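Chemist: sequence plus experimental coordinates follow:
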Amino acid sequence: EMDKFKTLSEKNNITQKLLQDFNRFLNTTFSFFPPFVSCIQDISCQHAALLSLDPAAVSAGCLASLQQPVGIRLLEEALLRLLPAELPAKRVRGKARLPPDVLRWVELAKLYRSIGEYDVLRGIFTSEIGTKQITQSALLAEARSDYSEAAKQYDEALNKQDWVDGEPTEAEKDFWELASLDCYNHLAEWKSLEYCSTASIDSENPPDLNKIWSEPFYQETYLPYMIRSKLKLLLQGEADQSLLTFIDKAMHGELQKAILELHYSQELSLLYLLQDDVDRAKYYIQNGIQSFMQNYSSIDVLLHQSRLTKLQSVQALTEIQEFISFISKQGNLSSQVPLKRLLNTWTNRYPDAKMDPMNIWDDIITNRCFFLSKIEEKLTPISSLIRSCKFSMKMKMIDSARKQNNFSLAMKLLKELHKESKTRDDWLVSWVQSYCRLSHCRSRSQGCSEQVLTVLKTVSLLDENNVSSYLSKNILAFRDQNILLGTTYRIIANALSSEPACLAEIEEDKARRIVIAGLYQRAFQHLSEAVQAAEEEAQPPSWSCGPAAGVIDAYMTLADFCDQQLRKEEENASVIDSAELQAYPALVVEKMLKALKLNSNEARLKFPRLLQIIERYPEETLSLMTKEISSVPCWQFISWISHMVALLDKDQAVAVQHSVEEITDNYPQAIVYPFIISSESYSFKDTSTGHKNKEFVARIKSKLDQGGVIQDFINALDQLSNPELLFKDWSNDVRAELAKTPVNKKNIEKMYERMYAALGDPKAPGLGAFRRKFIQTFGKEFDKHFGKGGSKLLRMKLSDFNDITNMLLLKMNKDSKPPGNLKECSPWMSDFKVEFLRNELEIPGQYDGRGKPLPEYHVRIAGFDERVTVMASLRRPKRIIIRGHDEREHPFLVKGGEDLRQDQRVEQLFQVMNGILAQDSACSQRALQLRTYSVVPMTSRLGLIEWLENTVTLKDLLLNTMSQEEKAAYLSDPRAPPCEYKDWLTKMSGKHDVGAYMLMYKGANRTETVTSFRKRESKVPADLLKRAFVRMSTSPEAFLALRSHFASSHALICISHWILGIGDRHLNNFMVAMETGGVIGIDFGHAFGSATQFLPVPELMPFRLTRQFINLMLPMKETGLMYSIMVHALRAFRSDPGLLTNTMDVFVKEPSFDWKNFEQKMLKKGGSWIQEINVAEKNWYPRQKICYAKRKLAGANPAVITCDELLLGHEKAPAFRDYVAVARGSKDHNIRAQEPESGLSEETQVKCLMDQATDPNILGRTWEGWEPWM
């Protein structure tokens, strides 16, 4: 309306009121969520401080819900004109940055706390120097000290050393800096809560040092502290400050307004646990009760914050209503029945154990103490009971830090144990925990020579000397093995081996008995035989303790120990290391009887590879392991099927003795599918490796083929989609064989088999049936052209047809264009039968199951609907309907010109990795998913491929908003600038669309250009990312609620693409699923250093972001905000080496596919991949230097280093020797050079690998089809 009003400036005046009035309106309405919606009205309004006059809790307090950032919303875009450059503008507002700070304080969580922990502490250029530091604590998840030591001096000096940087320190740095410091143990209790709580405020008449405001600038923020502080205090007993002082000043702040007061304290209900109120307990839990009535009623967009918050909440709560209510009726019976029972105690501690978040994981043992207390004091109205309940309370906490892997509060609790139990096993548990606590130090690199002896100081001297023998002498002798894992492992370096500091002397001393000179060679002996010594100390108790208690432990353990030391001997040559190294694996493999009751996929992936390279044990490997999936459920093999399917085919000389055994065992144990793959697999090479081998295995082939008859029925049943790749790919394989030597016979020979089987005889009736309706129509008359010159070619097998195929291809494609008519194919495809109910042969659901135990196909793929469409592609893959047997519905996609046993492996890792997402709680705390897929590889060039919906390229919405905003249909893509950067390309390198990324000089100018161009190109499409992101995004808070998991993608993504290189992604190839509402990568066309090492396609980038990306991702500094996320990827990664070790290990160890046949693949699509493939992999290891380069590549990265090795061996200077040096570039980028550490790089590795990509220098190089330029 103010639009029609020429009056505008005065409208501004109107706003002034509007705003202000609404800011009061904040300042006045409270405990009112419908105004939570109002704040959102307010951000929907159009102005800047339109909000800002709303500070954070001013939006609303401890609960605004996630309207929380929404003010922040306009903040960055428009309110912020200053910070939008991603760096502090001293003229920017503490009322701009800060309000985010304070607000996300109630987003306090891993990511948020990581977010703000430095976040606009970039927005303060003062904060940086100490702030970036102390971030690590919360990154280490330090609620205790390592910060308090790290940052405490910042405000604590009153910035003595700090202020001298420059006049800015200001207040929010100090505000946040302080409230920072205290809030840590404010969650973590202990005395720093009392100490720092004191550091906040006088505890000298708080009540109105509290009521001191109706607008806390802070003060409500300290509000919890001392009433928080009580808790460590409430541990022992009663009679302190907050007891009466707060009990009353809530009888006065009570007289202020009751609700939100309550909402801030059931600290109110908390203290009660001391004084045994039968009454204010009653009503004031009722207040906790109506309270979370508010909570869940106040919430939407269901989230850990929306929830886990409320979860810890209701947990502790009704834990109390327990506690109370049986203080209420504990008298009613008898007197006291729990005197005879108390196991209400069991009923209390068992029911809620310790989930991922550790706030709760304290809150519990708090409550517990408060109860076991009341127990023993109500024992009067016996103690072996409640004491036993103390052991109870403690142990779960103990081991459940052993999950949390967190140092400080642990030993807080370990000392707490030495106090608490003081038993014979008080220690032994203190021990076991301390032991793991090392491995929590072993987690990081810091503590190099240190923690190792530190607790290893305490090793066998006092441990089992405290036992009875004593089941779980298992778990301790184990703990040893843990140790020598550490003491061993600190040499991936010779870190210890080069460090004889003070102790390491003593280490070598004990070493022979359980300097660096003996540690040098003979530590590994000491480590080894005190480990395995502990293994025979532990072996019977592995069987004794509990199902999957210690067997998995000791056994997977020493297994790992070995295979690691194997990897050593893969690198280094020690004959005796091979002697016991190859003596031992005999033991650990067999455990799958005991073992193989969990995934332990280490075991399963190792075991084949063992013989695969080497077998010293003729039947042993065959005896017991042959008993494996023979014995253990049919399903138990499935995860490594791909292995066997080539392994049994091309690899195995031991097939008949072993693999043939189990597989032929597991068909009658209901394995059915292996046909398809084998169908595919045994398709290429029938195994000529050995006589007997091919004989009995080929026998297997024949045995299992029957009933795979109907598979084959799916085979021919899919000549789908369009032959046009049958033809063209025939031109490519055939015409490709024209570059060979003599012996052209087999070459085009099988190509003929499957040509005049597939195509050249379309009307051939046998073909005709399996010929499709597309072929029935247009796959004939031009196939008459093709059968003639193709009959000559059928007669010749000489290279001339390279030109004739030039004709042929042009012919064979150009007359194939109009078809793909979609339910022409489908009714032809409407065979699929279902008579004698498909003749009584049970069928997968199309590749049923991911490798979790017992047959995961109880379903039959059954019918199909003719509904299908292709994504326009080089594939044009048909997306077809799988209609269900058991009343399931399963449509999917197809890949017919290509067949992927490689991306098989690809997910075959993914499943592992997110397997580790499981291994870490905090991953769950980040809700770390996996995009997956599936494939039904029946034969050589093709297999069915899974499909999933609501899923379309980001590029889509990007564009529709692009064009239909930018003019109408144009996008912006016909801008001059794109073709103009192409012009600079042509000026500094060749003229053509293939190369001209060759020459590539002027690295400073490289930066110059790619900046200049890049930015004027790329800003508006960011508005589209956020924008169509909006037309997706229903509610304002839903927006970034979305980019939670969206970013979660781009992170986990970029991780994967370091795990191996990116291809099969333009920018589009990641595609939103609307329910998660975020793109996924399903697309994998490339890996490792080969692809990038292609002179056509050099790519240094460890991943691909773009300008618009980071823009969307925020006016942040998502640098951090996804950075440390990446870290968690790594802190994950550093958990167990052997995982991916085996993964990529046997992974690249196996294939003849992934190189020459993947040469064939890159062929099968990649254009400049044309000659690259063959003349590339020749005389070169995708294997063993890739073996090591990848194995190290795990460990640390001085800047994409082993790639630089690869492309280094590659050619030539102008692209490479130029940029790999120019990867190191100006003091602009010089960080990228100097920052790296060959010795150790991790959170680093992140740091660089992130904006390695940011480098316009790196950017304008890579390629256009990836459009960082756009």
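Modeler: Received the coordinates, thanks. Numbering: from 1, shown residues only.
Chemist: return the alpha-carbon coordinates of stretch 1122-1135 using PDB.
Modeler: Provided in PDB are the C-alpha atoms of stretch 1122-1135 (Å, rounded to 0.1, in the frame of the first residue of the first chain):
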ATOM      1  CA  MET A1122      30.700 -26.900   7.500                       C
ATOM      2  CA  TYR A1123      34.500 -27.000   8.100                       C
ATOM      3  CA  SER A1124      34.500 -28.600  11.500                       C
ATOM      4  CA  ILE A1125      31.700 -30.800  10.200                       C
ATOM      5  CA  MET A1126      34.300 -32.100   7.800                       C
ATOM      6  CA  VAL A1127      36.500 -32.500  10.800                       C
ATOM      7  CA  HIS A1128      34.000 -34.900  12.300                       C
ATOM      8  CA  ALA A1129      34.300 -36.700   9.100                       C
ATOM      9  CA  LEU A1130      37.900 -37.000   9.900                       C
ATOM     10  CA  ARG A1131      37.800 -37.600  13.700                       C
ATOM     11  CA  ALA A1132      35.600 -40.300  12.400                       C
ATOM     12  CA  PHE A1133      38.200 -41.200   9.800                       C
ATOM     13  CA  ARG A1134      41.000 -41.500  12.300                       C
ATOM     14  CA  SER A1135      39.000 -44.000  14.400                       C
END
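Chemist: which of the residues in that stretch are buried?
Modeler: 1122-1133 (16 or more other CB atoms under 10 Å). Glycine gets a C-beta too; all of them are placed from N, C-alpha and C.
Chemist: and what of stretch 186-202?
Modeler: Those would be 186-190, 192-194, 196-201, for stretch 186-202 by 16+ other CB under 10 Å.
Chemist: what's the offset of that stretch from the middle of its chain?
Modeler: For stretch 186-202, the gap between its own C-alpha mean and the chain's C-alpha mean amounts to 36 Å (CA atoms, centre = their mean, to the nearest Å).
Chemist: just stretch 847-857 next, same as before
Modeler: Per CA atoms, centre = their mean, the centroid offset for stretch 847-857 relative to its chain is 23 Å.
Chemist: and the end-to-end length of it?
Modeler: Chord length of stretch 847-857, first to last residue, is 8 Å (CA to CA, to the nearest Å).
Chemist: residues near the nearest residue to residue 498 once chain neighbours are set aside, how many?
Modeler: Nearest residue to residue 498, sequence neighbours excluded (CB to CB, 6 or more residues apart in numbering): residue 516, at 7.0 Å. Neighbourhood size, residue 516 [other CB atoms under 10 Å]: 20.
Chemist: re the thing from before, the buried residues of stretch 1122-1135 in helices, which ones?
Modeler: Residues of the buried residues of stretch 1122-1135 located in helices (DSSP state H): 1122-1133.
Chemist: break down the stretch 851-1000 of the chain into its helices, ranges please.
Modeler: Counting by DSSP state H, counting those that start in this stretch, the stretch 851-1000 of the chain has helices at residues 902-919, 921-925, 954-965, 976-988.
Chemist: would JSON lines of these with distance to residue 686 and mean neighbour count be doable?
Modeler: As requested, the helices of the stretch 851-1000 of the chain are exported to JSON lines (distance: least, CB to CB, whole Å; neighbours: other CB atoms under 10 Å):
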{"stretch": "helix 902-919", "distance to residue 686": "21", "mean neighbour count": "19"}
{"stretch": "helix 921-925", "distance to residue 686": "44", "mean neighbour count": "18"}
{"stretch": "helix 954-965", "distance to residue 686": "44", "mean neighbour count": "18"}
{"stretch": "helix 976-988", "distance to residue 686": "49", "mean neighbour count": "15"}
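Chemist: so which of those helices is nearest residue 50?
Modeler: Smallest distance to residue 50 across those (CB to CB): 24.2 Å, for helix 954-965.
Chemist: ok, residues contacting that closest one?
Modeler: 969-972, 1020-1021, 1024-1025, 1027-1029, 1031-1032, 1066-1068, 1070-1072, 1079 (CB atoms under 8 Å, 6 or more residues apart in numbering).
Chemist: run the chain-centre distance for it.
Modeler: The answer for helix 954-965 is 29 Å, by CA atoms, centre = their mean.
Chemist: let's see that helix as CSV, backbone CA atoms only.
Modeler: Taking only C-alpha atoms (Å, rounded to 0.1, in the frame of the first residue of the first chain), the coordinates of helix 954-965 have been written out as CSV:
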residue,chain,number,x,y,z
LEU,A,954,19.8,-28.5,-8.3
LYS,A,955,20.6,-27.0,-11.7
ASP,A,956,16.9,-27.4,-12.5
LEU,A,957,15.4,-25.1,-10.0
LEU,A,958,18.5,-23.0,-10.4
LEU,A,959,17.6,-22.5,-14.0
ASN,A,960,13.9,-22.1,-13.9
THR,A,961,14.3,-19.3,-11.5
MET,A,962,17.3,-18.2,-13.5
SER,A,963,15.6,-17.8,-16.9
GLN,A,964,12.1,-17.1,-15.8
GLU,A,965,13.7,-14.5,-13.7
